[PDB]
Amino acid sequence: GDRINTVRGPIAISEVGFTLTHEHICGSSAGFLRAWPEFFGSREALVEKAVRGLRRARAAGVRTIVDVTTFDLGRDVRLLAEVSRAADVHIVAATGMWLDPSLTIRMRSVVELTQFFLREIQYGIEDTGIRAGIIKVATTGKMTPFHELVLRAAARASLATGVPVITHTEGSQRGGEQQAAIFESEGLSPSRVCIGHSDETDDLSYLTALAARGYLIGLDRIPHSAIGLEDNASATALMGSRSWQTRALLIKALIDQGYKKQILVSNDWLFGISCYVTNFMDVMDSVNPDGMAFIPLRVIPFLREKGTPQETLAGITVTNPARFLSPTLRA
């Protein structure tokens, strides 16, 4: 593909560097940041926080993040462009659809959703000219008809553009298998797909079977381990009860099984969030003060201590995301 679209324009593959492939500047809902910025203190305060957060990730080695905030998660690409410029960190914007499609979206056909995704990749997002460089989709539990529709639209937009697909799953129901079956029915190469939130499960058989088929495995919620918060049923029912080390050890397990080229690692962090309880951002920041720097500051050294060679870690953090993000109709 030779070049990747970012919120500051196209960049060469060689410029991508250390990449976090599943992040958010702000997790919200369509139109919300514009309608009630004071929910986040102010837009200015959100930008300031995000710029500090990205600058800290940059100092820990990160050069690119993939912001997988979709339309229905309130993606504001102008926000992304501003914080990318100030922090000097590449940001890849997303199209696709998460779990909260509005009535307008829920009424659309597979053809119409394909056109929408293609618009955001080929023409630009809103009136900004910023083009999406990834397609993000989400399913939960048992595949609904609309979920299937979004997955087929995602596959078709990927096939038309070479841009990869990244998914939200909820590993407990092995949602990746359902997603894979739909993607393959559309003729999509598994090498264009990252099955994400895969660190939510300890089922290594499930993960290795997907990697064997050629899928990228997104181990992308490593710091979302709320092991001291049982009094907080909200944090418990959204973060879980396994430690971050246990999650991180899945990375090593997959490396040990021979699948280092299939692994993508990230934090799934953000600097503001409105789509859960008020001040849930404070709860998250309390559990993981490192923010997006958690992967480079904590997880990479942890894997290095466990015997993972430097070259393998560089492969996972630099080579795999570059190969994944580079638009490809092959192979």
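The first residue of the shown sequence is 1; numbering continues from there.
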Mean Cα B-factor check, 22 to 30 vs 49 to 57, entry values; winner is 49 to 57
Mean temperature factor over C-alpha atoms, higher-scoring stretch between 35 to 43 and 263 to 271:
35 to 43
Which of these, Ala138, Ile135, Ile105, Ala212, has its C-alpha atom at the highest B-factor, as the entry lists it?
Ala212
Whose CA atom has the top B-factor in the entry, of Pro190, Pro101, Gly240, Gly96?
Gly240
Against its chain's modelled residues, does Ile316's Cα B factor rank lowest, middle or highest third?
lowest
Relative to the other modelled residues in the chain, which third contains the C-alpha temperature factor of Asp72: lowest, middle or highest?
lowest
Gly175: CA temperature factor from the record, placed by chain third, in the highest
Relative to the other modelled residues in the chain, which third contains the C-alpha temperature factor of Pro164: lowest, middle or highest?
lowest
Among the modelled residues of its chain, the C-alpha B-factor of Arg304 falls in the third labelled highest
